[PDB]
């Protein structure tokens, strides 16, 4: 069992910025691929970003490419999501996820064993 807790969510104005963070339990954080998904009301969990063990393949959903940066600090068991130039369509619950494996199908929720409970991000217009 790995536990995951998101922080840094909340209310922000369109064009604004937020840094989500997610901290993991355990002493083998370096062995985990870390990911962000989000879920808007009425929608399924949508892949946002993922980062491999070395940091070195990063992955992004089409609609956040260019605006969002995923990064990890192994010393702090933490993955970060820098969200710039936020739009109302970015409003959702943001979930931290983790898996030992890096998936060819990296956008599939079923490829990640561990999930945080999520944190609300709200972008007003």
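Numbering follows the first chain given and starts at 1.
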98-106 or 10-18, whichever carries the higher mean Cα B-factor: 10-18
Between 70-78 and 87-95 (mean CA B-factor, as deposited), the higher: 87-95
Chain third (lowest, middle, highest) by recorded CA B-factor, residue given as residue 30: lowest
Entry-reported Cα temperature factor of residue 119, expressed as the chain third it lands in: middle
